[PDB]
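Read-outs: derived from the displayed coordinates by stated rules, not from any lab. With ideal geometry, Cβ positions are generated from the backbone for all residues, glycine too; neighbour counts draw on all protein chains shown.
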Amino acid sequence: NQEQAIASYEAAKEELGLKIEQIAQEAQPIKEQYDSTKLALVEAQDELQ
Amino acid sequence: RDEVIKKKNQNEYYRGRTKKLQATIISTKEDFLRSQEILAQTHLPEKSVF
Amino acid sequence: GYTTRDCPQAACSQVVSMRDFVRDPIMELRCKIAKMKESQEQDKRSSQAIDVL
Amino acid sequence: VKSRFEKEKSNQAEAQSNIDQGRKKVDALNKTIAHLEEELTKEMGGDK
């Protein structure tokens, strides 16, 4: 019974690994868009000053 | 500030895990009440079968 | 529903408009502090129930 | 999104530590069932 429990735990672990891989390959566009919109308007404030 | 808010989120997740542990100990108390029927060796093995 | 409506409470017969109201952060601060204290006391009660069981 | 990523990686590391603890448990149980098989061979169970 502990063997089937640890097997279900390994299944949950690989599911969570696939999930974190998905959210890592999905969050990179958000992060790059954020930093691009940040740097593009900081220079705007600089040229405004 | 990001660190402290993420650690507060982690503490909330730990509180949720504590609630899950509370549910599990409730289930184990139910199992204790179930074994209270036949737990203390109610079916004693035969003495002189050998 | 009415262009000039007084406050529901008494002791103030003057009418109060939208521009008369101001955002006082102390009130919401106190309400959220009370909510945090309630959540903390609930967590404490749950932990005590964990200990006694 | 970074809080989601952090909580996901933290519960992933928690699952990994649980898998390590489970490996410890299964090797301890392998040892104890080897001891029980020795006891059975001494008591003439599967042997007979």
Highest-first arrangement of D:13-24, B:34-45, where packing means the average Cβ count within 10 Å: D:13-24, B:34-45
Principal semi-axes in Å for the stretch C:3-53 [√(5λ), Cα gyration tensor, largest first]: 43, 12, 7
Filtered trypsin sites (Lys or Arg not before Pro), chain C: DSSP coil and at most 10 other beta carbons within 10 Å: C:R5, C:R19, C:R23
Exposure proxy ranking, count of Cβ atoms within 10 Å, fewest first, for D:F5, B:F32, B:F50: B:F50, B:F32, D:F5
Fewest-first sequence of B:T18, C:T3 by Cβ atoms within 10 Å of each Cβ: C:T3, B:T18
Sequence of B:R1, B:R17 once ranked by neighbouring C-beta atoms within 10 Å, starting from the fewest: B:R1, B:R17
Whole-percent pair-distance distribution, where bins are 10 Å wide, for the alpha carbons of the protein assembly as shown: 6, 13, 19, 20, 16, 12, 7, 4, 2, 2, 0
Other protein chain Cβ atoms within 10 Å, averaged over every residue that makes up D:11-20: 4
Leading residue at positive end of dipole, chain A (Cβ point charges), from A:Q25, A:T37, A:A11: A:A11
Listed pairs B:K6/D:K7; B:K8/C:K35; B:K29/D:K31; B:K8/D:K24; B:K6/D:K2; A:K13/D:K24 exceeding 20 Å between Cα atoms: B:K29/D:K31; B:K8/D:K24
Cα centroid separation - chain A against the stretch D:23-40, whole Å: 42 Å
Kirkwood Rh in Å, taken over all unlike Cα pairs in chain D: 13.5 Å
³J(HN,Hα), Karplus 6.51/-1.76/1.60, whole Hz, each residue of the stretch C:12-20, x for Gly, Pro: 9, 7, 6, 7, 10, 9, 6, 6, 6
Average other protein chain Cβ within 10 Å of Cβ, residues A:12-21: 4
